[PDB]
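Listing of protein_22.pdb, PDB, C-alpha atoms
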```pdb
MODEL        1
ATOM      1  CA  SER A   1     -15.166 -39.753 -58.850  1.00  0.00           C
ATOM      2  CA  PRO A   2     -15.008 -37.400 -61.863  1.00  0.00           C
ATOM      3  CA  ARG A   3     -18.274 -36.648 -63.662  1.00  0.00           C
ATOM      4  CA  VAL A   4     -18.937 -38.256 -67.045  1.00  0.00           C
ATOM      5  CA  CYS A   5     -20.953 -37.093 -70.053  1.00  0.00           C
ATOM      6  CA  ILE A   6     -21.679 -38.443 -73.533  1.00  0.00           C
ATOM      7  CA  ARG A   7     -23.786 -37.856 -76.644  1.00  0.00           C
ATOM      8  CA  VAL A   8     -27.251 -39.354 -77.118  1.00  0.00           C
ATOM      9  CA  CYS A   9     -28.980 -38.470 -80.388  1.00  0.00           C
ATOM     10  CA  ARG A  10     -31.958 -40.471 -81.653  1.00  0.00           C
ATOM     11  CA  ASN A  11     -31.594 -39.416 -85.290  1.00  0.00           C
ATOM     12  CA  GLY A  12     -33.215 -36.005 -84.950  1.00  0.00           C
ATOM     13  CA  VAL A  13     -32.991 -34.962 -81.305  1.00  0.00           C
ATOM     14  CA  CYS A  14     -29.662 -34.790 -79.476  1.00  0.00           C
ATOM     15  CA  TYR A  15     -29.416 -35.299 -75.715  1.00  0.00           C
ATOM     16  CA  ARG A  16     -26.586 -35.190 -73.177  1.00  0.00           C
ATOM     17  CA  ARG A  17     -26.193 -38.324 -71.058  1.00  0.00           C
ATOM     18  CA  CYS A  18     -24.263 -38.020 -67.794  1.00  0.00           C
ATOM     19  CA  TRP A  19     -23.964 -40.068 -64.602  1.00  0.00           C
ATOM     20  CA  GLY A  20     -21.892 -40.559 -61.464  1.00  0.00           C
TER
ENDMDL
END
```

Kindly transcribe the structure held in the file into structure tokens.
Amino acid sequence: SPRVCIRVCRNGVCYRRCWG
């Protein structure tokens, strides 16, 4: 399946969340 990514910021630090 096609990869997936989203945004994950905890009010200060942003992080990229991806899975299979």

Grab the atom CA of residue 13 of chain A to atom CA of residue 1 of chain A distance for me, in Å with one decimal place.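 We find that atom CA of residue 13 of chain A and atom CA of residue 1 of chain A lie 29.1 Å from each other.
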
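Run against this file, the PyMOL selection byres ((chain A and resi 4) around 8) gives back residues 2, 3, 5, 6, 18, 19 and 20 of chain A.
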
Please write the residues from the selection above to a file, keeping C-alpha atoms, as an mmCIF file, in the frame of the given file.
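The new file selection.cif reads:
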```
data_model
loop_
_atom_site.group_PDB
_atom_site.id
_atom_site.type_symbol
_atom_site.label_atom_id
_atom_site.label_comp_id
_atom_site.auth_asym_id
_atom_site.auth_seq_id
_atom_site.Cartn_x
_atom_site.Cartn_y
_atom_site.Cartn_z
ATOM 1 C CA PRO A 2 -15.008 -37.400 -61.863
ATOM 2 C CA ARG A 3 -18.274 -36.648 -63.662
ATOM 3 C CA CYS A 5 -20.953 -37.093 -70.053
ATOM 4 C CA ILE A 6 -21.679 -38.443 -73.533
ATOM 5 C CA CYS A 18 -24.263 -38.020 -67.794
ATOM 6 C CA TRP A 19 -23.964 -40.068 -64.602
ATOM 7 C CA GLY A 20 -21.892 -40.559 -61.464
#
```

Draw an axis-aligned box tight on the listed atoms of segment 3-13 of chain A, then pad every side by 4 Å and write out centre and edge lengths in Å to one decimal as AutoDock Vina command-line options.
```
--center_x -25.7 --center_y -37.7 --center_z -74.5 --size_x 22.9 --size_y 13.5 --size_z 29.6
```
